[PDB]
Amino acid sequence: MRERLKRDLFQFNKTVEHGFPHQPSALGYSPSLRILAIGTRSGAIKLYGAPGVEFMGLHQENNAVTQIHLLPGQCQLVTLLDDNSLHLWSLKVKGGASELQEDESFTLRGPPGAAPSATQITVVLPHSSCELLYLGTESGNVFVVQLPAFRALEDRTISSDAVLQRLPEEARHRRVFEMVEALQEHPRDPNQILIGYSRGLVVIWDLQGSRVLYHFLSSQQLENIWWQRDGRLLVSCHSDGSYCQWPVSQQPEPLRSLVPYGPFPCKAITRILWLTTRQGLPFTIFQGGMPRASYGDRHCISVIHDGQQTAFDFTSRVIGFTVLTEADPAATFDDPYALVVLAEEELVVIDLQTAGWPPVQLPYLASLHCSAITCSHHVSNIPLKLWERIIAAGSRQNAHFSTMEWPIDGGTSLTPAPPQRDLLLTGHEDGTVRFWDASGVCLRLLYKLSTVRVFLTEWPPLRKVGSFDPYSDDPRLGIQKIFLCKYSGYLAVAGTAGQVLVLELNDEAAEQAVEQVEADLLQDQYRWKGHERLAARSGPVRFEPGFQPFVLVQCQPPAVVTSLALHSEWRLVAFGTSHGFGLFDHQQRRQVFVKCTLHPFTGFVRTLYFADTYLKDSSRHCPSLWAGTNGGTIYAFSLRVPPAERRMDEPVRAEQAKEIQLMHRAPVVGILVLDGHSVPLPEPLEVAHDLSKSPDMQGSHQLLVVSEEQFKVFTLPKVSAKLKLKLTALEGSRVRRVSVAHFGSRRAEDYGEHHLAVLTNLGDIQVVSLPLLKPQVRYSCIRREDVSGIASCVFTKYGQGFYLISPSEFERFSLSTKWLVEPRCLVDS
Ligand SMILES: [Cl-]
């Protein structure tokens, strides 16, 4: 088409990311704005509020973000990188919506000759005045920097020699590096600040008077400090796994000191929080402190409250945590209600209001790799009834969760509700299928299906929370193929050990049995050196509401299922392996036929496609199944399927009508049929739910065969060549994945034409026109070396797509001028 027409239909943009960002390195939180901040090893800063409020930033240096400090009340924040640099970021309104932006940077440095291991920033303390940053260092000196000028103020330096000068000789036995471990402001006096050193000295420093008002020397090495709301109590945690409480009212003694976990040697408690409640029952929240010998490998946050203690246990390293308090600076009690934990592999939120401390569901930042992703499947425009039914069944399996509203709800989303409901399905290594609301900016989990059910498989007070599983339980459970019929609520899933399951959406529970049926693909042939078949449960099994399996087709050999097709109207299931393929009646639960493909691995069945088209006569069109193989062979099978009445009486019959060989012999990656207007045939039950999409039978039908090297069009029923595009011969690329995509014009509202969306082996995304097979546009998208990102890429029926930039995060892009799912929001004072 003309280039003017291309600009109405095609335009490439990467628009938003979905999931949990890879390798987080810092956590921040604004209590005034209720905004969550995540830093990564790559230098990214990601801000999150209410669903639809999102901000992605990137530091010019690719260094890890180690600290994030949102300024109190302000729409600004200060970050710190592992190269010891500070950065002032801002949220500025432009175009009626907020934008994240970096204002300036500053590297604290002493005189030349002074070692860097002395100016290394440990604690960053933004003063409540938002005009100054106090910076504790490894030397033991506290430096001051102006804001928003980012300039050092050497006249306000609080050195270690200046502090130790005001103190008695008993508290002057300093280390070479005093190591500022704590640096905090008085909760009820902006003139007083606390300074804590590694050896154990803590002081309260009069900023204006330049003198020590209070101090003590703890017996154990100091890790951290917490200052009670009223400023009249201090809590210190230490390297031997203990924590002490100190009154603030000269040099006092500890009120109480204890190693909370037995008499065994314990690892350090690295962080502690002491939060009051109006009920007179304080929370004690501390990180670590585990007995070294038998729990040194545990990642724990312990919560103490009202005689109840729980050591929350996470399957990955704690990057940072925060506790949401009801309070603002003026209140008397803290009144916590949520513990937010950023683990290296997931985000966990705990409800602190409800007894038992139940978890809170995530609206975003979901760890898609809780079990490793093994396949993906996107269904666009979901019928609203099935949508609500799947959502409802998801609520039924989430009873253990908290009823609390999502607390990180800051900001306002300027994006209207998604017009159509899009669904993304992910198959996982442990046999689970997760249903995701792929409609807009936030990828929210709606329902989880588990298929392992069809097979036969108190001090310290540890409580395992989170969902990330670092282990590989059983790989043969992994799901390779997914097919959801959005019209019938039927679902087919296929696994790594030849298991094929057909399921149906059920609003209520059931205790039915699952029919085991075998499909021997080597019937006309040999042994099997590999995985033994998954043993199925013989008796009836109870299933909670959702998609419930009623038949299991076990392939013999139990090899990887490499292709899957499901016709809901004809109630048939096609599936292929490296050996052959077969067709299965999921109404009669009986095998229709089986075909071995090891004599035209070139018999690897990679593509399956049902089509009601012209297979033998230009007047008679019958049901048909098409199979494409790695050797360039296309098998076509005529299908005699009875009507609704004789559906169980007489069986479905099938005969091999065609065997088409491609001379260039590239693997068949795509098969489809076009109607008399050169429009692709509609999905099963699509015509039954919309007669306006009835395929043209008056004109001749055409068969489209896409291989890794070429696009070929044949006419039906004769199968003689009419059109061709030799992709690999032209530009040296190979088709890795091809999907039909409807592209809409954005200068003419009621319009659209189908074309082929192509993912090449080089990570490019091309649009090949229908029906003439002319290359339209070529875009750079996935990197050539990113084999995993290419393997995971998946298209939508309307010009969008997803691919993995990491095990736990998708990137969303758009080929179409009709789609641009990007966040737009506003965060005000
Ligand atoms: Cl473009």
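Scroll up to find the structure this text is about.
Below: a short report on this structure. Every chain here is numbered from 1 following its written sequence, a scheme that can differ from the numbering in the entry; residues without coordinates are not drawn. Side-chain metrics rest on all non-hydrogen atoms present in the structure, leaving aside hydrogens and water. Residues with missing side-chain atoms are left out of burial classes, side-chain pairs and their counts.

1. Here we look at the overall build of the protein
This is how the line gets drawn: Numbered from the N terminus, helices here are DSSP runs of H or I no shorter than four residues, and strands are runs of E no shorter than two.
Within the protein, the secondary structure is distributed over seven helices and 58 strands. The dimensions of the protein, computed from C-alpha atoms along their principal axes, are 105 × 65 × 45 Å.

2. Side note on the sheet that holds strand β7 (residues 76-81)
Let me state the cut-off plainly: Pairing between strands is defined by DSSP: at least two bridges between the two strands are required. Geometry is summarised by axes, namely lines fitted to C-alpha atoms with helices restricted to the contacting stretch, and by angles between N-to-C directions that run from 0 to 180 degrees.
Read across the sheet, four strands follow the order β6-β7-β8-β9 without closing on themselves; strand pairing throughout is antiparallel. At either end of the open sheet lies a strand with only one pairing partner, and these are β6 (65-70) and β9 (97-107). Ignoring strand direction, the axes of neighbouring strands in this sheet form an average angle of 25°. Pairing of strand β8 (residues 85-94) with β9 involves ten bridges; the strand directions are antiparallel. The residue bridging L86 from the neighbouring strand is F106, located in β9.

3. Let's talk about empty space enclosed by the protein
A probe as big as a water molecule, rolled over the atoms, marks out the empty space that is left. Stated precisely, the cut-off is as follows: In this analysis the probe radius is 1.4 Å and the grid spacing 1 Å, with only protein atoms considered; a cavity is a set of points the probe fits into but cannot get out of, a pocket is an open set with protein on both sides within 12 Å along at least five of seven lines, and lining residues have an atom within 4 Å of a point. Grid points are joined across faces, edges and corners, and a volume is the space filled by probe spheres set on the points. Amino acids outside the nonpolar list (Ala, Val, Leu, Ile, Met, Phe, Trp, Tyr, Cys, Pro) and the charged list (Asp, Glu, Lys, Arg) are all regarded as polar, and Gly is one of them.
If you add up the space inside the largest cavity, you get close to 110 Å³. Taken together, 14 residues make up the lining of the largest cavity; nearest its centre are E17, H18, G19, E54 and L365. Listed by contribution, the elements that provide at least two residues to the lining of the largest cavity are β1 (10-19), β4 (44-48) and β5 (54-58). Broken down by element, the lining of the largest cavity gets its largest block of residues, three residues, from β1. Tallied by class, the residues present in the lining of the largest cavity amount to eight nonpolar, two polar and four charged.

4. Considerations on the side chain of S402
Selection rule: With a 1.4 Å probe rolled over the protein chains alone, any residue whose accessible area is under 20% of its type maximum counts as buried; one over 50% counts as exposed, and the rest are partly exposed. Identification of polar contacts relies on pairs of N or O atoms within 3.5 Å, with a donor-acceptor requirement for protein atoms, meaning one able to donate a hydrogen and the other able to accept it, and with residues adjacent in sequence counted only if both atoms are side-chain atoms.
Mapped onto the elements, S402 comes out in the loop between α5 (384-396) and β29 (412-413). Since its relative accessible area comes to 11%, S402 is described here as buried. At 2.7 Å, the side chain of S402 forms a polar contact with the side chain of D351.

5. Some remarks on the packing of aromatic side chains
Threshold: Stacked, edge-to-face and tilted are the three classes for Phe, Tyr and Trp ring pairs, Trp counted by its six-membered ring, which pair at centre distances within 6.5 Å; planes under 30 degrees apart are stacked, over 60 edge-to-face, the rest tilted. We count a charge as sitting over a ring when the NZ of a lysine or the CZ of an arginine lies within 6 Å of the ring centre and within 35 degrees of the ring normal.
Scanning the model with the defined rule gives 24 aromatic pairs in all. With centroids separated by 5.5 Å and ring planes inclined at 25°, the aromatic side chains of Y48 and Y364 adopt a geometry described as stacked. With a centroid separation of 5.9 Å and an interplanar angle of 90°, the aromatic rings of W570 and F610 are classed as edge-to-face. Of the aromatic side chains, those joined through ring pairs into one cluster are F12, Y779, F795, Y803 and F813. If you follow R271 out to its NZ or CZ, it ends over the ring of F321, 4.6 Å from the centre. Just above the ring of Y635 sits the side chain of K595; from NZ or CZ to the centre is 4.9 Å.

6. Points about the pattern of salt bridges
Note the threshold: The salt bridge definition used is simple: a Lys or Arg side-chain nitrogen within 4 Å of an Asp or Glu carboxyl oxygen.
Evaluation of the coordinates by the stated rule reveals 27 salt bridges. Residue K693 is joined to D690 by a salt bridge in which the shortest nitrogen-to-oxygen separation is 2.7 Å. Owing to a relative accessible area of 39%, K693 belongs among the partly exposed residues under this scheme. The salt bridge involving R736 is made with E708; its shortest N-O contact spans 3.9 Å. Of this pair, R736 sits in strand β51 (residues 735-743) while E708 sits in the loop between β48 (702-707) and β49 (710-715), and the two are 28 residues apart along the sequence. The network of salt bridges with common partners includes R606, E708, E709, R734 and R736.

Spatial relationships are all this shows, so hold off on functional conclusions.
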